[PDB]
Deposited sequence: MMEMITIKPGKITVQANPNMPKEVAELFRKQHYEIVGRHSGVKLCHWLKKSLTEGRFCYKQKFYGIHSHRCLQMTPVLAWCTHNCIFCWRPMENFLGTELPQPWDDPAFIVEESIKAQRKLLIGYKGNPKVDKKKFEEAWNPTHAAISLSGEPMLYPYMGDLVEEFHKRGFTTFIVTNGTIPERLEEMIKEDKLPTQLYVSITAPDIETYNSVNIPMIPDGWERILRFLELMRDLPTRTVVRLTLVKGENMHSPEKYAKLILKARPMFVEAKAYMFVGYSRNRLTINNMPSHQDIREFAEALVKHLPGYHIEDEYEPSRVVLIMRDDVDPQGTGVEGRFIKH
């Protein structure tokens, strides 16, 4: 009988929409949801590509966001129970970091209860005690003013952290850098190689997103933590100008680059084949001096490019894998 403190700072109708999609709301503006993946992992011994790529055990990932319904993009491949996001900023009052982490852990368990049957036993126990905080559910998490501190809160309770951002909020990165509160691994999602594609695919709600993204990339160079540039590829929408993507990538010189297939305006044929991704990956690596194709995972049609000076058998800020 777990209970989560909550009082959704949004129209009740919206809040109900999140619930029907199985999100567990936290506080005024956050939420938790079980990895789409996680089910088959607990019941079928399934693995995730993040495990193959970085040594991350997805079944011990607590997937959440401190910015549930606000974002700076209304992207065409962005799932959100409602029509468009509610706005470009996190409305106040803002919940504090410790409360968010605590309640999120309770939310995670509450959702887990919906299990135990055909379920693995030792694994369920580990999912009940997550060690990876995936800050990438929905919305634009960097809109939360206290990201740095949120990261520390997770770290104090032994989690390693992973932030996924669309990069339109460089000031939050400058702040985390300044107060030295960086996550274990930082991902910036890039879905457009040029300004026109950026508008038609991301559908910006702010006017200066492109320059903010350019700044974000520049702030990632030599960043003292694990870095990733993730490209979500949509057939017929953004799989072009690989040389332009390389330039964006090069401004940040991330440790890793993921060429990932995208899997509302978007048809089922907008989904590229794994073979399409391999091709795009090859075309891309050709424009990235000092990088090479390091691995792939066909089941998720994703290919991994890694910077040459990163050790394929190491861990940490200079190795392929997360500290054991």
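J.: In sequence order, which deposited residues have no C-alpha?
T.: Coordinates drop out over 1-10, 127-128, 276-281.
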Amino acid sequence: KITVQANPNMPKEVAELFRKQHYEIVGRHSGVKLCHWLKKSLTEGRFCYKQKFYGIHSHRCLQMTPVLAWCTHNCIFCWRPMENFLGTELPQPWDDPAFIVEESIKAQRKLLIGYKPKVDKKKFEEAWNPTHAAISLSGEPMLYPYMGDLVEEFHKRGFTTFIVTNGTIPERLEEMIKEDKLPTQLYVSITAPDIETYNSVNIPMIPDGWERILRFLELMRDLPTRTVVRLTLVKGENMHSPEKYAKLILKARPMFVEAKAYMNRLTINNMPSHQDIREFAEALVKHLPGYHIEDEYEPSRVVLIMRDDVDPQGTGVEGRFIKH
From here on, numbers count along this sequence of modelled residues.
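J.: Once you work out the mean C-alpha B-factor for both 284-292 and 270-278 from the entry, which is higher?
T.: 270-278 has the higher mean C-alpha B-factor.
J.: Comparing 193-201 with 106-114, which has the greater mean CA B-factor as deposited?
T.: It is 106-114 that shows the higher mean C-alpha B-factor.
J.: Using only the C-alpha B-factors in the record, can you name which of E140, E153, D95, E179 has the highest?
T.: Comparing C-alpha B-factors across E140, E153, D95, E179, the top value belongs to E179.
J.: Say you rank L248, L231, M82, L219 by Cα B-factor from the PDB entry; which sits at the top?
T.: Of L248, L231, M82, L219, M82 has the highest C-alpha B-factor.
J.: Please rank the C-alpha B-factors of the chain's modelled residues and tell me whether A127 sits in the lowest, middle or highest third.
T.: Top third by C-alpha B-factor.
J.: Using the temperature factors of the C-alpha atoms in this entry, rank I305 within its chain: lowest, middle or highest third.
T.: For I305, whose C-alpha B-factor we compare with every modelled residue in the chain, the answer is the lowest third.
J.: Ranking every modelled residue in this chain by its Cα temperature factor as given in the entry, which third contains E16?
T.: For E16, the deposited C-alpha B-factor lands in the highest third.
J.: Check where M255 lands among this chain's C-alpha B-factors and tell me if it's the lowest, middle or highest third.
T.: According to the entry, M255 has a C-alpha B-factor in the chain's lowest third.
J.: Going by the entry, which third of its chain does the Cα temperature factor of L34 land in?
T.: Within its chain, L34 is a middle-third residue by C-alpha B-factor, going by the deposited values.
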